[PDB]
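Input: a single structure, listed below in structure tokens.
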Amino acid sequence: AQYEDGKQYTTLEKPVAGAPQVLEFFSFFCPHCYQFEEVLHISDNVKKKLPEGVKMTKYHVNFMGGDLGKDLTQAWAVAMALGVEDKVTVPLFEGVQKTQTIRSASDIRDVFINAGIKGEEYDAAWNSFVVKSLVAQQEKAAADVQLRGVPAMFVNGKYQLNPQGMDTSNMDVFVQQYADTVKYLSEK
């Protein structure tokens, strides 16, 4: 076929029931993830080609960056809880991979402060059990698909995107192939 298993995507041997329709994993330490966000805008371009009524979920992972890695998973839960993902994603990426200004939990907190989240509000969220179970959800979702690499996208818990099998000579053409693949998988 034009879309073949093993080419634009692979199929999970052990399908995940009740998974989100589109499920993305990333790390703020992950170089391709930086690209996916800042240069490619994968998520936005996928969303634009997705059917009406499909929810899109994005989770952070712990297995890169040691202690700071877990702090970022907790901070991403704070972002999700407060709905401020779009305000902190870029400064977190640049602070980790570009400017080397994120070295502690307090430096992560600074990004949120600078973004306009109030100190009180961040600290309350950070310590909240709502944020605790959002951290749990992130860990268990990675567990459900037995993840060990990012960036990764899963469609209805059965199909994993395989960007290595797409053309990469043109950034825009790559993105469209990626998004058109998600749309195809979505309609499978």
Side-chain angles (χ1 to χ4, degrees), residues 1-61 63-64 72-73 75-77 79-80 82-94 96-98 115 134 137-188:
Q2 293 276 349
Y3 294 101
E4 293 168 329
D5 196 307
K7 180 60 170 171
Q8 298 98 323
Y9 73 100
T10 56
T11 297
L12 290 175
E13 314 174 314
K14 310 311 178 167
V16 174
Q21 294 162 268
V22 182
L23 178 63
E24 226 169 344
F25 294 92
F26 76 111
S27 171
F28 283 106
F29 281 87
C30 152
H32 285 135
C33 304
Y34 186 108
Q35 292 303 320
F36 268 41
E37 165 67 30
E38 304 251 294
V39 178
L40 300 178
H41 308 278
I42 290 298
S43 292
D44 283 337
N45 280 278
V46 169
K47 173 182 202 71
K48 298 179 335 172
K49 275 191 169 164
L50 288 172
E52 159 48 8
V54 347
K55 82 180 320 296
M56 211 139 169
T57 308
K58 177 136 84 193
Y59 290 159
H60 197 265
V61 300
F63 64 78
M64 301 191 69
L72 285 161
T73 300
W76 188 244
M80 293 194 288
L82 302 177
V84 291
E85 298 97 325
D86 293 350
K87 289 168 183 177
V88 296
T89 288
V90 169
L92 287 169
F93 267 116
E94 307 216 335
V96 178
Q97 301 190 41
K98 189 178 168 175
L134 274 171
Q137 293 174 235
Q138 298 184 88
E139 296 182 20
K140 172 174 177 293
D144 285 350
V145 300
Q146 179 171 5
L147 184 77
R148 195 229 327 133
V150 287
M153 191 181 283
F154 296 88
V155 181
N156 313 276
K158 323 180 26 163
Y159 313 110
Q160 186 184 341
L161 275 285
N162 186 52
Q164 297 86 353
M166 304 172 189
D167 310 314
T168 62
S169 89
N170 183 296
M171 320 197 85
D172 303 309
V173 173
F174 168 77
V175 168
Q176 286 334 322
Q177 178 169 11
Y178 195 102
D180 289 341
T181 301
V182 173
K183 170 176 201 288
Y184 160 80
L185 292 176
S186 205
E187 294 160 1
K188 207 162 179 84

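Quick note: numbers below take in every heavy atom, side chains included, and nothing from hydrogens, waters or symmetry partners. Numbers here are sequence positions counted from 1.
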**Study point:** Qualifying residues under side chain to side chain contact (heavy atoms under 4.5 Å, CB included), relative to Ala19, sequence neighbours excluded
**Key:** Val16

Check your understanding: CD of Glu4: more than 12 outside heavy atoms within 6.0 angstrom?
Key -> yes

Point to revise | Sequence-distant partners of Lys58, side chain to side chain contact (heavy atoms under 4.5 Å, CB included), two or more places apart | key: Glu24, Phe26, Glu37, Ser43, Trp76

**Study point:** Note, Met153 side chain near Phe36 side chain (heavy atom, < 4.5 Å)
**Key:** no

Practice item. Could you tell me the separation between the CD atom of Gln35 and the SG atom of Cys30, rounded to the nearest 0.5 Å? Key: 10.0 Å

Revision key, fill the gap. In terms of heavy-atom contacts, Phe28 and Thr89 come closest through CE2-O, 3.4 Å

Review point. Does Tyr178 have any side chain to side chain donor-acceptor pair (under 3.5 Å) partners at least two apart in sequence or in another chain, and if so, which?
Key: none

Point to revise | Separation between CE of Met171 and NE2 of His41, rounded to the nearest 0.5 Å | key: 9.5 Å

**Study point:** Any residue meeting side chain to side chain contact (heavy atoms under 4.5 Å, CB included) with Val175, in chain and number order, not counting sequence neighbours
**Key:** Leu40, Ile42, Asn45

Check your understanding: Among pairs that include at least one residue of residues 13-22, which meet side chain to side chain donor-acceptor pair (under 3.5 Å), considering only residues two or more places apart or in two chains?
Key -> none

Revision key, fill the gap. Heavy-atom nearest pair, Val155 first then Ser186, reads CG1-N, 3.7 Å

Check your understanding: With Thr11, which residues qualify under side chain to side chain donor-acceptor pair (under 3.5 Å), at least two apart?
Key -> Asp5

Study note, to complete from the structure: For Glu187, the salt bridge (charged side-chain N to carboxylate O under 4.0 Å, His left out) test, sequence neighbours excluded, returns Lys183

Check your understanding: Of all residues at least two apart in sequence or in a different chain, which pass the side chain to side chain contact (heavy atoms under 4.5 Å, CB included) check with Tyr34?
Key -> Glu38, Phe93, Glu94, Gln97, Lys98

Can you give each donor-acceptor pair under 3.5 Å made by side-chain atoms of residues 157-169, sequence neighbours left out, with the distance rounded to 0.1 Å?
from	atom 1	to	atom 2	distance (Å)
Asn162	ND2	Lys7	O	2.9

Review point. Considering only heavy atoms from C-beta outward, does the side chain of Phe63 approach that of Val150 to under 4.5 Å?
Key: yes

Would you tabulate the side-chain donor-acceptor contacts of residues 49-56 under 3.5 Å, counting partners in other chains and residues two or more places apart, or write 'none'?
from	atom 1	to	atom 2	distance (Å)
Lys49	NZ	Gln176	OE1	2.8
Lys49	NZ	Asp180	OD1	2.9

Study note, to complete from the structure: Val173 and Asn170 have their tightest heavy-atom pair at N-OD1, 2.9 Å

Revision key, fill the gap. With sequence neighbours left out, the residues meeting side chain to side chain donor-acceptor pair (under 3.5 Å) with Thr73 are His60, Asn62

Study note, to complete from the structure: Rounding to 0.5 Å, atoms CZ (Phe154) and CG (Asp144) come to a distance of 10.0 Å

Check your understanding: What's the spacing between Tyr59 OH and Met80 CE if we round to 0.5 Å?
Key -> 6.0 Å

Review point. Taking only residues two or more places apart in sequence or in another chain, which ones pass side chain to side chain donor-acceptor pair (under 3.5 Å) with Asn156?
Key: none

